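Here the structure comes first, spelled out in structure tokens, and everything after it is commentary.
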Amino acid sequence: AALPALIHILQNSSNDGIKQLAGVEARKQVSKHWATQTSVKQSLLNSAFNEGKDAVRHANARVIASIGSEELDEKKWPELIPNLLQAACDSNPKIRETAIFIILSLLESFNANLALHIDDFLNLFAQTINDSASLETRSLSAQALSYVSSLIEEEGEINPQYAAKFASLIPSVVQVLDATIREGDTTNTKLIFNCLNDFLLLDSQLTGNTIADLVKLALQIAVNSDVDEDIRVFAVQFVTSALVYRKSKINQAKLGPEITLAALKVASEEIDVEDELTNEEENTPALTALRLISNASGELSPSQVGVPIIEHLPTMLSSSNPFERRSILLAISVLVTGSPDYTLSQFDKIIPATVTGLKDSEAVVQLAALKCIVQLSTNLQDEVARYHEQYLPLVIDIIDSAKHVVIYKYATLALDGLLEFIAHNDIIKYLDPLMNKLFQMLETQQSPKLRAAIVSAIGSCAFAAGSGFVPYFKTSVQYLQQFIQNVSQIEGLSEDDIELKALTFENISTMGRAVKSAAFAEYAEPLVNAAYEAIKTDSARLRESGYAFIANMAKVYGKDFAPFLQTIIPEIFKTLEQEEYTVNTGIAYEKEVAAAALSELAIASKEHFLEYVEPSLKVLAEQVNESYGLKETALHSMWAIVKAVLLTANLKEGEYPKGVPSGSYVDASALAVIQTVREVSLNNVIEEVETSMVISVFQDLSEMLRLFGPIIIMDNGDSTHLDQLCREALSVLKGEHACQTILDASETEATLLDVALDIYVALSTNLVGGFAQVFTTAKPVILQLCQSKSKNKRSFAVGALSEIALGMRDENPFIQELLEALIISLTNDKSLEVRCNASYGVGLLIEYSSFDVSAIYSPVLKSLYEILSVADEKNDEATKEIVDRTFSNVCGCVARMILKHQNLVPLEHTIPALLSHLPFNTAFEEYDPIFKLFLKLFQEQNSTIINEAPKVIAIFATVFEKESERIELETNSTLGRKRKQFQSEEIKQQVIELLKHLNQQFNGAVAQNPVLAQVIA
Amino acid sequence: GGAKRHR
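Chains as they are written, first to last, in my numbering: chain A, 607 to 1623; chain B, 819 to 825.
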């Protein structure tokens, strides 16, 4: 035992470094080596209160603390805690400061006997926290209180009298914070902030109602530029933590707009423009503020975060202060991730704003515009691309005249994300000049960081262009092979060197998806071997890119790729079983893509995967139980394996028998695989607190029930898993699920509602009339949700009601109750979007009704006509999609009504207004009742339609032109990327037959159309 | 997932 050797060196060494590090090692040894105990005890106490330098003082103290936890377990050294308490109230400030320090060290040991002393500590610290002599004493007291709070809560029932005491000490801890900042004590200002962060986690009885007021205080610190920056970062982090752990308290105070605008002002502060433009921390306040806005947008309603930011968009964007223009753009770009729906609806304001940024004189504003666009494209992919006509020339110019390496990167990075989602027929207009520019750039730039961005942009061209990329395919692969040499040799390659290789593998495989196997056949043998070389390499990033190549190959070659299973599945299983550890992000990414490749292979190599099912579910099941960041993906992949297995049993998507199975329509072998995954799915939603895992689970379950029917959730008349499912789903609707129980909501919470509503919409289509018994518990809640304060909640609910009605059809025994509710919405709701979704349900219910609805035709039609007339006024793509969906839904509803009871409807004014909104621009499913009505009206030789034949042909000209545009895309588009005009082949033929008769009649005006003349013959 | 990348 060299324990005493350590303390003797700690006390008597000539070098303070020695005495210090001796005590550091003495602490470690106390546990292992602790008769003359009392000789060492007294020397330690003496040196603690007398050594000149606090650093050596603290050393002895910490040894004392571990020693004291040892003896209290033997219930020895009874004098320690009483002497320490005596010394804390001694008249010598230095004696008190050292006593409090030792007490904190004791509390840090977490010894159970300290629970016997809650009152002493509360009484003692209530004094010491106000010690006017020593700011260190007050800060140590604040720190000790965090441990005393935990102690009082370990008790089954928290003692009220204690918690009242603690709740009064909180205003004192704020006072210490003021002291530490006035005196410039940054070290203790941090320490106190940690005590405030720890209060967020406490029960409400201990804290009082102080949380909002703490946030209000942290904001006032954070916005004041006189304060040291490092102190302000502390303040912004504290608010950020409050949004995470205590958002309920923030909402009560409506502190969202305060938080947002506070962080918006902090983010408008001067920054290192030169470092911004070339560097490749988040300890400057302006940057921590953006992380605040980010968290705020993800936790609170867009009314709290986004509405303020967008209210301030006009003035900051035109300010003469470049950092304000830069700020509002970056603020938006961090907003889109948490509030993408809200952001998309502000595209009328935001897109012109990013266009303004691209035109700024100051490069820092230009880089903020670009980051904003990148962020827009990542989250709202297609929508941003539509504006390519203005973006592309502005972004290309920035590349040409770029003077800084980071501008070039983000210009290239924005071009990538645009091209990636630009529409097939639009990229063709541009394909040749961009390809020449992209390759011109790839030649010129030599830094791998830039070349990697150009390579991704070039691959994005392939993605958009699909077949249209074949002229460039060979030319491109020739150039790119230079980046994919010596794959196994990773030594001496920089992080970016691997990235330039990894991306080249990934985007060459995206070229194969674009130009399918026939044009890819030239390079399959070398590339597939290279990719397999990457899998065997030792860089997670490089193995990851190999898996990307495999997963894309699976798409291109299908079953032809089965011969490779034997070599690949072994490497995939190895990758997935890796340790994930701080956490190794490179491995996490590598595991995500390997799991994707596994799913893609099973779907592709249909029969051949069967021997791999048990192992793949075994490996994937394991990761669900034990993985850190792969549970959601791993579960999704288990369902992809089921999809592969069911597809191999020639169970066709959508062709299941409706209703509850008294037995099974899947062979016993496949049903075993379903049940295995179904139990794992149910277990990860029941009492699950991560709303990510619930959304993910509910989504997989909803898709798989839609594809393969109720067997996914129940078999052999045993509804045990179906009942558990509804309990959880209904729980989410009531707002009472584990993940909810930690009135405007966050888009994330909205999404949780929708996916639960979608569990019902999927079951109703799967059970039809057998659904009614399940639907009964949810029906009042969903109906209730139709009347919510939230327009978004109303819209989701009314839409789900409509889709439930469609699944139940004429076996709906609640049609009358549903119709009354949706008519109320159709009539009285103030949201056009809600009234539009209601119109769809109303027509469906009327179509399925077998009772008498003559009473409600006149009011419903008057409401419908009004919805049309306000949408006519509004006729900003966000409004245009709602306006256009209203046109389709309203016209669909009238049509369903005329087909149901043609004689209760006056066709004279109705048919004209209907024609006036055809052809549609969206929601072409509502063409189906309109087609059926045009078929009925002509066979009756109904005059109103027969005098209106010319517009009818013009409409079918467009209908048929779009169906052939769409058929072309189906063959040209990249493999794996609702545009249907006809909901069935039968209705298509019936429309065709009518087009012939129209030709027989009316002097053949149908054939006078190139488009229909082609279809008539 | 309707995008080119798999991560």
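A virtual CB, placed ideally from N, CA and C, is assigned to each residue, including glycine.
In the DSSP annotation of this structure, the continuous segment of the alpha helix (DSSP H) that includes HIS1327(A) starts and ends at 1326–1339. CA-to-CA, the gap between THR984(A) and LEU1037(A) works out to about 22 Å.
Using a Cβ-Cβ cut-off of 8 Å, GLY1065(A) counts as an interface residue toward chain B, since at least one Cβ of chain B sits closer than that to its own. When only Cα atoms are considered, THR816(A) and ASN800(A) end up about 16 Å apart. With its beta carbon less than 8 Å from one in chain B, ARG1583(A) belongs to the interface. Per the C-alpha coordinates, the member of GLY1265(A), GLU759(A), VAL1251(A) and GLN952(A) positioned closest to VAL1272(A) is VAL1251(A).
For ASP1321(A), the secondary structure class from DSSP, reduced to helix, strand or coil, is strand. A distance below 6 Å between beta-carbons, with the five flanking residues on each side excluded, links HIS1523(A) to the following residues of its chain, in chain order: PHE1493 and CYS1497. Interface annotation for the region 1188–1199 of chain A against chain B: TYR1195, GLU1198 and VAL1199, criterion Cβ-Cβ distance under 7 Å.
With the criterion set as a beta carbon lying under 7 Å from some beta carbon of chain B, the members of the region 1112–1144 of chain A are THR1116, in sequence order.
Within its own chain, the residues whose Cβ lies closer than 7 Å to the Cβ of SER1233(A), once the five positions on either side in sequence are excluded, are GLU1186 and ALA1240, listed in chain order. Within the model, the alpha-carbon separation for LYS647(A) versus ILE670(A) is close to 7 Å.
Residue environment for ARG1119(A): buried (at least 16 other C-beta atoms within 10 angstroms of its C-beta).
Taken through DSSP and simplified to helix, strand or coil, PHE1111(A) comes out as helix. Identification of residues in the region 987–998 of chain A having a C-beta nearer than 8 Å to some C-beta of chain B yields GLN987, given in sequence order. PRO1465(A) is positioned such that its CB atom lies no closer than 8 Å to that of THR1516(A). Classified as exposed, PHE716(A) has fewer than 16 neighbouring CB atoms from the shown chains inside 10 Å of its CB. A straight-line Cα-Cα distance of about 18 Å links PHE707(A) and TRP683(A). Residue state for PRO1263(A) is assigned as coil, using DSSP reduced to three classes.
DSSP assignment within the region 1505–1589 of chain A yields the following whole alpha helix (DSSP H) runs of 4 residues or more, N-terminal first: 1513–1522, 1533–1545, 1549–1552 and 1555–1578. Annotation for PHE1381(A): the continuous alpha helix (DSSP H) segment containing it runs 1378–1391. In the three-state reduction of the DSSP assignment, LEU986(A) falls in the coil class, being assigned neither a helical nor a strand state. Its Cα nearest to that of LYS1340(A), the residue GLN1390(A) stands out among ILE1301(A), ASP1350(A), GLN1305(A) and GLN1390(A). Listed along the chain, the chain B residues whose CB falls inside 8 Å of the CB of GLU1026(A) are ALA821 and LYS822.
A straight line joining the alpha-carbon of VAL636(A) with that of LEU1182(A) spans about 42 Å. Contact between the region 1555–1566 of chain A and the region 1502–1510 of chain A is absent, with fewer than three C-beta pairs closer than 8 Å.
A Cβ-Cβ contact shorter than 8 Å links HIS1343(A) with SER1337(A).
Taking 8 Å as the upper bound for CB-CB distance, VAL1374(A) and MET1414(A) are in contact here, some 6 Å apart. With a cut-off of 8 Å on Cβ pairs, the region 742–749 of chain A is in contact with the region 791–799 of chain A, counting three or more such pairs. The three-state reading of DSSP puts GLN781(A) in helix, counting H, G and I together. For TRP1245(A), the uninterrupted alpha helix (DSSP H) run begins and ends at 1237–1254, by DSSP. Not a single CB atom of chain B sits nearer than 8 Å to the CB of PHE1075(A). Scanning its chain for C-beta atoms nearer than 6 Å, with the 5 sequence neighbours on each side dropped, one finds around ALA1146(A) the residues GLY1192, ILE1193 and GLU1196, in chain order. Of all C-beta pairs linking the region 1575–1582 of chain A to the region 1520–1535 of chain A, fewer than three are shorter than 8 Å, placing the two stretches out of contact. In terms of CA proximity to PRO863(A), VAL913(A) leads the group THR894(A), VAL913(A) and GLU882(A). Non-local beta-carbon contacts of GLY1447(A) in its own chain, meaning distances under 6 Å to residues more than five positions away in sequence, involve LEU1407, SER1408, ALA1411 and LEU1428 in chain order.
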